[PDB]
Protein chains: 2
Amino acid sequence: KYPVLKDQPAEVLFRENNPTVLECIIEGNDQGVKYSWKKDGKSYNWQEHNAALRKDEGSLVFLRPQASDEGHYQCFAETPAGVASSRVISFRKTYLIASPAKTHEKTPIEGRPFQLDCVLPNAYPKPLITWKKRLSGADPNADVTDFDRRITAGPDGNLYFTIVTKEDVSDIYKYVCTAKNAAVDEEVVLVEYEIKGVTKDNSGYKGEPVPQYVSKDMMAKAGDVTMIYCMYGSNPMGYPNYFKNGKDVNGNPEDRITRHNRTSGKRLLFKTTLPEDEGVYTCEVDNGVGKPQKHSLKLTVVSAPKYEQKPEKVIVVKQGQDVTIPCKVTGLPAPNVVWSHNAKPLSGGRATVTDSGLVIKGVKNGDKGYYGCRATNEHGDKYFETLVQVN
Amino acid sequence: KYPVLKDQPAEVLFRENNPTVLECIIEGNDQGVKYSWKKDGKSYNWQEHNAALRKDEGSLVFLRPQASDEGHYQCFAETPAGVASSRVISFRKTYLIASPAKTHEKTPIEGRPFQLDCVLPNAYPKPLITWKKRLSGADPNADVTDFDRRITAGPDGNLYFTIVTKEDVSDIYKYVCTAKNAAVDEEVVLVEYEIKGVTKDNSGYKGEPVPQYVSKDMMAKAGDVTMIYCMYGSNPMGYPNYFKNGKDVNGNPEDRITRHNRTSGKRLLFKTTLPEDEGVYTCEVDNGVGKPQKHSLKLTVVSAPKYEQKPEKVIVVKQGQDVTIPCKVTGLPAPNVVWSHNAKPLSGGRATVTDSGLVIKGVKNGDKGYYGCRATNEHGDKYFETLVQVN
């Protein structure tokens, strides 16, 4: 069609020393366009560095990225129409650093809350912690098994036994904690545990529910999946009740929000979070034994800028007519829009900024070019630009 | 510290379109060296293609490899001493092609051998087939990959039930078969199964072990891991016995060769194969019921070239003395040694080829350079070169 940039990702991770590319393709008629990158604001001279530009595009390929290559990169394609711009792309280094897996033996007291600790590694992005009952000497792809309902992993990465019993003992299964992320191809093992036996309880634990883990106030992105945890150690095992500002909220195994997600009520799951879920959530654990326990949490839903009206890819107008580049953005907190024309700030002349778009009245020739709408807030930075081709 | 090439891998895989590098670094004093690549024999002009050379090295980075880029690449570093060469590196494309997962229902006859078939995809390298009991929707745990003792996966990718019972039925678990390899980041699902019920055996099968799967004669590379399978459907479940040319071979859970690998004796595992393992393996399954079963096959151990004497990284001698570039290679079949001097074949002059190395008597000046020993056979191609610096 016309010379326009293809959309690109918000962030691109790279494994140190591994070749990675920062995309930048020109859709349509890409004749005589010159591409240039800018990093962290100042201009980037790739020729000088250890990088190269992909052939028929502006994509910058790092031949061996270093930690010092991290940064904010923006691309600019100079075309007959003007200067297209890419969103600002975040280039970060992905990794997972963990000390060698150490195997530990444990002999916990029977009928009493327990928990295996996991040593979270230094990594980015945040890794995925998984816990598994690992059969020894078996093949990696055929060694996992299931945990009782008494056992659940918290969002902190630890395994929680509401009460540990003798059935939790084994001479061949290991309680392993593993982590994986974009920096490795197969999960890494952080620590291993072996429950070899269980001591009898002399100091008679009553059974009163005691906090093992409980979610604190939190933020949540609308459309995301939220999980509020209420893990208590009780005897017998209790089923937490959940209330949103006082009203019941347990639902069923298949509602949007429910405590029935195979965790024995240890977790209230929002299959999908909405703004209306904001409120103070309370949970109560009563198991007969002792005083019942209560906990309060405030779920706050926030959101990255959302384009209720994505700028048009292209707008062709005739010298004279008035053009209206549409653009409406919403968000929480409210995003703040910044307009650009050919990669620079506006200039009072004819361009009128409304909340539903930009309006240029007396369209002359020097008005042609790319108009960019940048929506931003502490939860995201987005950018979409429309090429205004007049003639 | 003279110019010497760093060792490199035998094969480098690439995911179509993804930037990949074929290394080539010069250890030591790398001043004024010129790097050049040759693909499939003919000379490679990277500048002309969509590739670039890493900065202070000879490493060739493909900015967007295509299927047509596959091939055998060799590198040559032109240095003051002569021309160093890398081994020939095999550049291949990795992929995993599978038809969309189809879910199938199954109602097998009770108390009788069973097996779920898995549709192996088209891929390279060979993928890893994993089978798992997949709980449907919302599962906070890891999929269960540890089934009854009656269930084991064969080397062909199928799941084998020695006998299928009512315990193998479920309306919430699915028997899933997945495959993963270097071409994908997370496992791909090949086929799903649901055992919803079981019919009653109307053909009085009394429990006699019947072959479900048994390994046939096979070849094995020395140093690799070999698995001999002997999967029979019996009631009660039997433990196969393993014999090598008549002598017992079951060993223990931690010997080099053992039937104790968490497969209930359905597999004899060689943690690492040696030429001494060649022989006729026999296995017998007796479960009381009926006549005992026997099976044999011929295991032949082969091996890629092995350097009993790796050429030295560097040898400095004085004009006059006689140098002896050592090099001894073994293999099965016997590898074939090919010598080179500065990237070309020898020349009768002074160079005398013995089995333990190359011998140059009257060392003059034109003798200086890199001498390469190439060992090859149908199981491997290795190359190591010695720089002979005289003065």
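We're sticking with Swiss-Prot numbering for chain B, so the shown stretch reads 23-413, in order.
Using the three backbone atoms N, Cα and C, a Cβ is placed for every residue, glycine included.
As written in Swiss-Prot, here are the features:
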{"type": "DOMAIN", "residues": "B:25-112", "note": "domain 'Ig-like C2-type 1'"}
{"type": "DISULFID", "residues": "B:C46-B:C97", "note": "disulfide bond"}
{"type": "DOMAIN", "residues": "B:122-211", "note": "domain 'Ig-like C2-type 2'"}
{"type": "DISULFID", "residues": "B:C140-B:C199", "note": "disulfide bond"}
{"type": "DOMAIN", "residues": "B:233-322", "note": "domain 'Ig-like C2-type 3'"}
{"type": "DISULFID", "residues": "B:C252-B:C305", "note": "disulfide bond"}
{"type": "CARBOHYD", "residues": "B:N283", "note": "N-linked glycosylation site"}
{"type": "DOMAIN", "residues": "B:327-413", "note": "domain 'Ig-like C2-type 4'"}
{"type": "DISULFID", "residues": "B:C349-B:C395", "note": "disulfide bond"}
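Overlay of Swiss-Prot feature records on the structure.
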residue : record                      : CB count, 10 Å
B:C46   : disulfide bond              : 24
B:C97   : disulfide bond              : 25
B:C140  : disulfide bond              : 23
B:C199  : disulfide bond              : 23
B:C252  : disulfide bond              : 28
B:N283  : N-linked glycosylation site : 17
B:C305  : disulfide bond              : 24
B:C349  : disulfide bond              : 27
B:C395  : disulfide bond              : 25
Secondary structure of B:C252 (disulfide bond) (DSSP, helix/strand/coil): strand
Integer Å distance between the CA atoms belonging to B:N283 (N-linked glycosylation site) and B:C305 (disulfide bond): 16
Distance [Cα-Cα, Å, rounded] between B:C97 (disulfide bond) and B:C395 (disulfide bond): 16
B:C349 (disulfide bond) versus recorded positions B:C140, B:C199, B:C252, B:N283 - nearest by Cα: B:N283
Proximal residue to B:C252 (disulfide bond) among disulfide-bonded residues B:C46, B:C140, B:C199, B:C395 (C-alpha distance): B:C140
Top Cα neighbour of B:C46 (disulfide bond) in the set of recorded positions B:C140, B:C199, B:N283, B:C395: B:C395
Subset of B:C140, B:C199, B:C252, B:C305 (disulfide-bonded residues) with C-beta under 8 Å from chain A: none
Euclidean distance between Cα atoms of B:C395 (disulfide bond) and B:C199 (disulfide bond), Å: 45
Inter-residue C-alpha distance, B:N283 (N-linked glycosylation site) and B:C395 (disulfide bond) (nearest angstrom): 41
DSSP three-state assignment for B:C305 (disulfide bond): strand
Separation of alpha carbons, B:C140 (disulfide bond) and B:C395 (disulfide bond) (Å): 45
